[PDB]
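Sharing a structure here in structure tokens format.
So that you can tell them apart, the chains are marked A, B, C, D, E, F and G in the order they are listed, and the count of residues begins at 1 in each.
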Amino acid sequence: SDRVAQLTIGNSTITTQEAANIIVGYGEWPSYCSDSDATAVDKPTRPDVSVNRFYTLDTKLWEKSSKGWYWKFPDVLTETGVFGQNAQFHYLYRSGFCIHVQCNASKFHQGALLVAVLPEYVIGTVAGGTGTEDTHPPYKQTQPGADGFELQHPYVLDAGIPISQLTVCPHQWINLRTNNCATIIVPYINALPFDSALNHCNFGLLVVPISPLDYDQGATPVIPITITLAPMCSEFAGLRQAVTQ
Amino acid sequence: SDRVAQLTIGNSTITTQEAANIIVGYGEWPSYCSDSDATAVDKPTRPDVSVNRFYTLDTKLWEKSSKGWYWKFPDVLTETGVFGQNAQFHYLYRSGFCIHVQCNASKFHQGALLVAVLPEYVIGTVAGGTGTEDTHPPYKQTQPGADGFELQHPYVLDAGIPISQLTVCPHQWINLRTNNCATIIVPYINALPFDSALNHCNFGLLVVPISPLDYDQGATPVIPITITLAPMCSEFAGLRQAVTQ
Amino acid sequence: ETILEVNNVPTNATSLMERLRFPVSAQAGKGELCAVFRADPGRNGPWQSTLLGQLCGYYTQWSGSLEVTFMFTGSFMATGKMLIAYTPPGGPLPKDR
Amino acid sequence: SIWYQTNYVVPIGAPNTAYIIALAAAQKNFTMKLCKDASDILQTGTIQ
Amino acid sequence: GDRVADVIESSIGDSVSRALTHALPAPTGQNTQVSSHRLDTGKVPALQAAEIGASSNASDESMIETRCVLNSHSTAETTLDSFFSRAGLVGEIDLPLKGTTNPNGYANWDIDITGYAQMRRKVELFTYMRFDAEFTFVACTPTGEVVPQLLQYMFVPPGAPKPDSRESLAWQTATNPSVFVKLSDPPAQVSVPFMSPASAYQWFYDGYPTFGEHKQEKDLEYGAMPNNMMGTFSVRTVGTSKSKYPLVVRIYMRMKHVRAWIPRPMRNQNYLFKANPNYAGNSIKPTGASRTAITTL
Amino acid sequence: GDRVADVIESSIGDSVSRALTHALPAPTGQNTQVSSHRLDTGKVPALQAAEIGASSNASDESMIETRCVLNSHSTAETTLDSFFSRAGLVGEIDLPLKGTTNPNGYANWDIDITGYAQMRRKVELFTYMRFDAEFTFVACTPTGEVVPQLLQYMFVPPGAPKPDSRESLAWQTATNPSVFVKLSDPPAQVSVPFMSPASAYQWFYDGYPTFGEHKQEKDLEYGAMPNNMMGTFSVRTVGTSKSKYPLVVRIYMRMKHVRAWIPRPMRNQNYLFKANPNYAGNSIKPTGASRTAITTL
Amino acid sequence: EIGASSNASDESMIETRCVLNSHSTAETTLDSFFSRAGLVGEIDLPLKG
């Protein structure tokens, strides 16, 4: 009665029989932009069900040596379904998200992933190793798209900050002996009421194994982690031709 | 106060200083499908402003020997803007239309075009001339797209029916000495509450010169006819991957 | 609910019972395809095994929503997550998940 | 269409293959119209 | 719950079709009122502007000095049912003995009323039509003779098995409706309901019945409306041995409880094929009679 | 006007942010209530489920037998303003005589507080911050000496012309705000408002400032937030001839009327560059002190 | 396993609109289905047989 759950939105329904409750980031639900916070004057389009549904974008394989991955929002969806289309024809976009990371195993496997949401996840480089070179991450590393991107130095989140303190961000854990998924709901986070779904990534999703995957020889070794997400309260404005970047 | 007009819908505004009123086809305004006429159970998407706006799709040149052209709806828009996108990701579509055909000249030019709307405009062939061959029109002739298509035998509307009786269909005339545009508003016309925007063309728009273009040598000879249209009360249902045909 | 013969491939007398169930097994994690079929209830195919499809044959037209319930018969220690999708008219057989 | 969202995982000692059974029926908005004869006639010659 | 203004004042969802016109009772033709001379400026009923797309509103009273006339001429005969509820030929079926077509004692007729011009032209005046129908089957030998022969007519809806022989098991007709009648009996006659899956049959469908590439081979399907394909009508002599006489069956249809939408120009070129507006390109004739000069009769 | 049900009962447009939590007054630390032994089944405060993502709710009272303690320890010093409203170094400007940098008697400092670690690390604890600020300018010679010299400090907002010489016409300062002060005077001090076009300055912007292809050359612009670029701060000795003494100006900033959103992990690797989280990949050090064994101190 | 059919409705699996269903269920009643005459017997009375 808390281990079992069902998420239905749009024409998509998700189930789980081993849940660990739901986190509502920063203790707040996605809402539409108010007439007093708003600044742009054009009447927005709120496509509803065609874009506020569950998109299942990726699957990574968890290995005894995996480092961890991250995806950027809304970058992951800008080229998918009706949502991607609206994000392209419009300058302005705002929305919330319901994230559902899935990973099941067996009662004989073990391991724990940390699933967190980090607003304004700015990536850094190793500065030529020595730290004397002012290098910067390439577009494909900052907006990895749907395939996400593997962390090079998980301990400092590839940004000079301790992953040990990452729990200060909305999160959940997928500890195999306990659950098989994390569900986090995120409201719009920005200093503006609207923004470009192309130039700016409001937050990054991180999935990092903190307690390594393990099992005896003979148990299924292919342990996938799948990413499913649904935009919520999607609003768009500033219409023109489609643009991909 | 009837010669002058302004049409604003979406983020598009059209003006004319030489209008001849507005026709509302079959004396009825575009409305959304009611809960009692509806049959499909999924909650539809009504994108509003992103698709119910004015698209300006084509320009043809009127010549002293032009025969006339026709365009199929919603065929003309299936690959344009946010509307085209919704028409592709969804199985079901319904909408109305506001058509604005434009053509200006000078007080020294003369000629009159008939602008009409013909529901279920099925095209026929000349059956090998003799009438012994059961030929059929190719996809490019039945759904000419945005470029429209030039009538081969305007007198019988390429379908064995008298163009002289075409006025029984919602219409207007662009008689240069009088006006410079036709505006016709069309409600959804079908025997079903929804349908495929791809497989079925609810109606065809015809623009045919009945009184030939004429002017003395020296007056501007390039007389364009431009087509602008706006979907109204657009509704979509039956979502899946995008499909072009 | 009556049994839908999704696995309508075996035809030799001794294997007919196999059409009553289809399998699943450990995979390679590429979101592989497990099975497919047309939702058309009064059409030739899997639905002919169901009483619904049968009664359906005595009527020319029909209207309504349908439901298919899948029961997993693996051991209690087996886990898994599957994605089952209905693709409305117009959309061709999904090339990938 | 049915796809593997993750994978069929099992520990040591359990079968690597299992079956699914599908049951189908109609919802309550379901109705039929125009009574006709079925496409099959389960008879070859005369039934004696 | 809604809160932002644009959402509250939105008209998205209005399912009522605002109608600019409404029907009025008109049992008789209109009367003529007395009128006298008018010598005014500003008032100009005679002048119109056809570009607008409406018909002239000028009445007799305003163009000449009229007397009063009480018009009691009925308008009853021009109602859809008056016009359509008259049986006409729609199908002809031949059951010859020694022949090239049906020498096997039975026949299947795909229900299509576009095979005959008189009837076809009338219905095609409208785009959509909804109605019930009364079918009458007139059978006799090719000379118009009556013989002591027994027939079976069976309605085969789409999906039901089609008889392939005079002895098909399909003739058991356990669920389909069949009519057994003799040529000596008066013609068989039945009522049929409105059977389309659509709200109305449509004489014109500008589209394709399926998705996909619409290549040359599949161009024969342009305009194919399954919603109009009601099924087959099969007839057979009732026996194992062949019938001694050649037969012909004429099918007459009388529409009743009719409703029509979207009037269109009436066909003006000879018909060539069923469900398909093809016309002979080389014999495109003007709609009517012609003359030598516009200034002469 | 709306009519179809789904539209009426739609929640599209709800602009109120349903909030699951709310702030409560907490002027002092919490008190400890008396507790006694508990020997129960079903009641298990000690056991938690961290996977959920929430912190343990187990209190002292439920894990051991506690006495009563009236806690009056104030929580006032840990408020944003208490923590941030303390002036710290954010900028250093050199005005040498014979030098490689500013031998021309003036200097332009692009306002960026990320040049100094102490201050930088504090602010970067949050993602968004809104506040007013008090700036204090401490000037002296490189030995910490005071000389009878007159300076001019001018705030040059983005778009205003930047002085390019100690004699630039820009120094007329007809519209920009300038401060004229002597080294002999106490340090100059002013208040500055919240000037971003955004509702808050943001120490981290995960994006690009412009549209287009983001090729190698334009990768230096990843994370560039114009909303944080408040302008330039220019200083000059006030004269036509060069100043007799070399100078240094230290800029101190004290935040006030502070508001912050979205706390984040605190920097644990040495800083290398302004506005850019780059860290030395070869010298990645653990956050803290380390030991030889987990079973020993 | 219980032996009952699924109680899950459309409304609970996807976001549905409202639809007023007036589709009749009259044709599927026992008499509608069975009260249609069909062949059940054939009897031959030949001469020389």
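We adopt the following convention: a residue touches a chain if its C-beta (ideal position, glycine included) is under 8 Å from a C-beta of that chain, and two chains touch if they have at least 3 such contacts.
Shared contacts of chain B and chain D, meaning chains that touch the two of them, come down to A, C, E, G. Across the two interfaces under comparison, F-G and A-E, the one joined by more C-beta contacts turns out to be A-E. Of the chain pairs A-F, B-F or B-E, the one whose interface repeats that of A-E, sharing more than half of its contact pairs by residue number, is B-F. For the pair chain A and chain F, the distance between mean C-alpha positions equals 27 Å. With each centre defined as the average position of its C-alpha atoms, the distance from chain D to chain E rounds to 42 Å. The distance from the centre of chain C to the centre of chain G, each centre being the mean of the chain's C-alpha atoms, comes to 23 Å. With centres taken as mean Cα positions, chain F sits 59 Å from chain B.
In chain C, the residues that reach two or more other chains under the touch definition are 1, 26-27, 29, 31, 57-61, 63, 65, 67, 69, 71, 77-81, 83, 87, 89-90, 94, 97.
Within chain F, contacts with two or more other chains are made by residues 3-7, 10, 12-16. For chain B, residues touching at least two other chains, in rising order: 32-35, 38-39, 41-44, 46, 48, 196, 198, 239, 243. The set of touching chain pairs reads A-B, A-C, A-D, A-E, A-F, A-G, B-C, B-E, B-F, B-G, C-D, C-E, C-G, D-E, D-G, E-F, E-G, F-G, using the touch definition from the header. On chain G, the positions that touch chain A within their shared complex are 12-15.
Chain G makes touch with chain C in their complex at residues 1, 5-6, 8, 10, 23, 27-28, 33. Residues 1-4, 6, 20-27, 29, 31-36, 41, 47, 50, 52, 54-75, 77-85, 87, 93-94, 97 of chain C are the ones touching chain D in the complex.
Put simply, chain E touches chain C in their complex at residues 157-160, 175, 197, 211, 231. Every residue of chain B that touches chain A in the complex is listed here, in rising order: 11, 42-50, 53, 81-82, 85-86, 89-90, 236, 239.
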